[PDB]
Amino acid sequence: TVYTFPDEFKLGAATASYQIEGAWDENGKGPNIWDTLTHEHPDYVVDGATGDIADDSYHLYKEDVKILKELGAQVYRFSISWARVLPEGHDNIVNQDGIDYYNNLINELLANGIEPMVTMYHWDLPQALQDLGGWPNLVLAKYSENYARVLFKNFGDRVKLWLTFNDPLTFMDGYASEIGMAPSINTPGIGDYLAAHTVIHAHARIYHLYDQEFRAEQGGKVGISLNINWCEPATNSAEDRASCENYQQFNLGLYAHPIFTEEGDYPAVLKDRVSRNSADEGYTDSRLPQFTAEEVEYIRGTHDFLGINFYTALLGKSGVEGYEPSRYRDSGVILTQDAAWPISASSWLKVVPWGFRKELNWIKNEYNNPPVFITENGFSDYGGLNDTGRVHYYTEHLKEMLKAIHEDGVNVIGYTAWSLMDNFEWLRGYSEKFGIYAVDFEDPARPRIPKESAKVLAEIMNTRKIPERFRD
């Protein structure tokens, strides 16, 4: 039983637009902040890589569907490129080529018995909107609503699973470093919080838009995908436990408390720690933006499910470190990793499968067991088809998730492996491989070929259980 997937549970794989599509300026697509970063600042990216071509999925989408069908995916999670649809960011011009492209992908998926799951925003803001300040500028919440309306109107007759945003915990950090994630602006502890605030507002507008203009006719579900690491207390002390709760609230709670609790608003510890730190540093005003009571009420409850992106764990102990001002310093935890944990090809990613179960239980208890769709989970290596580490990563994480479901009563409803194929891995270029299909980035045809992990995942998807040889 503990090794069998529930009958209605949805299994598949996931990608993101800038990571796979290429065709960065083809057929009317406007520039986004990743075009800007990779073109203007190749020194920020391993190998000076760009997403100009990537997997060429703009041209090769039928090949993506072919491999999804081979895999036996029930669902394919992909993102839509805002600037491919609205090249100017604003909704004055709709690019028919972009409409046609996503319709073509959606229709191909459905013709092959694969359900589309669409992420509206996976990090590729139109440059025209960044030029207004980007996410720190609250005007982007209305612009996001208008973008979502175009998506619902054009695609919502066939798409019934939506994520507004992918991992704003990460993309807000594009406003906390001069050399990091696009748009690579150095306003730590100030601009990243403003970005978060706008994203939460935007999410809520999009959810209400769906309720008002589309839900009755379309009958789908709207969620948001949040990344969170498990944070294990470095010792069993109450103080170290406090630090790990701080971590959860400052990473997951920042977004999930406003949306997924009955109370709404930011977590108290977030408001209080930032208030105190801001006062101590001499600011008249807290660095953390505020919601009015009316906004709190508007934002809370804007969900049909919670998307979770889970990769790894950290150790947390009592204390404060990091630069003043910064979210990490404000969070009041000292973070490390255990040298004993298995490694990957990514410095930040260690293999800690039991952390997945712990995180799922933390979510269950904090948010009253919302339906949870695992929108990303995966592992990096530097190459190779005999990807034993990736196979082990998947089988262990899936076993831990199944324990969360069956033993712990967590309402997990689906899982999409990150990623369908090797792709442009942001600042790491093509140097880190997350795919279950390999892609030859030196071959203009970009062939996709299955790794051992794709074969094992196909076996899991076909049999709907963890094969005996991977059981404890």
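Numbering starts at 1 and runs along the sequence shown.
For the pair 278-286 and 110-118, the record assigns the higher mean C-alpha temperature factor to 110-118. Judged by mean Cα B factor in the deposited record, 380-388 ranks above the other of 181-189 and 380-388.
When the C-alpha B factors of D330, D167, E359, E217 are read from the deposited coordinates, the top value falls at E217.
For the set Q248, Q96, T302, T375, the PDB entry assigns the largest Cα B-factor to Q96. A23 sits in the middle third of its chain by CA B factor, as recorded in the PDB entry.
Remark: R241 belongs to the highest third of its chain, ranked by C-alpha B-factor as recorded.
In the PDB entry, a CA B factor belonging to the middle third of its chain's modelled residues is recorded for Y415. In the deposited entry, the Cα temperature factor of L254 sits in the bottom third of values across the chain's modelled residues. Sorting the modelled residues of the chain by their CA temperature factor places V45 in the middle third.
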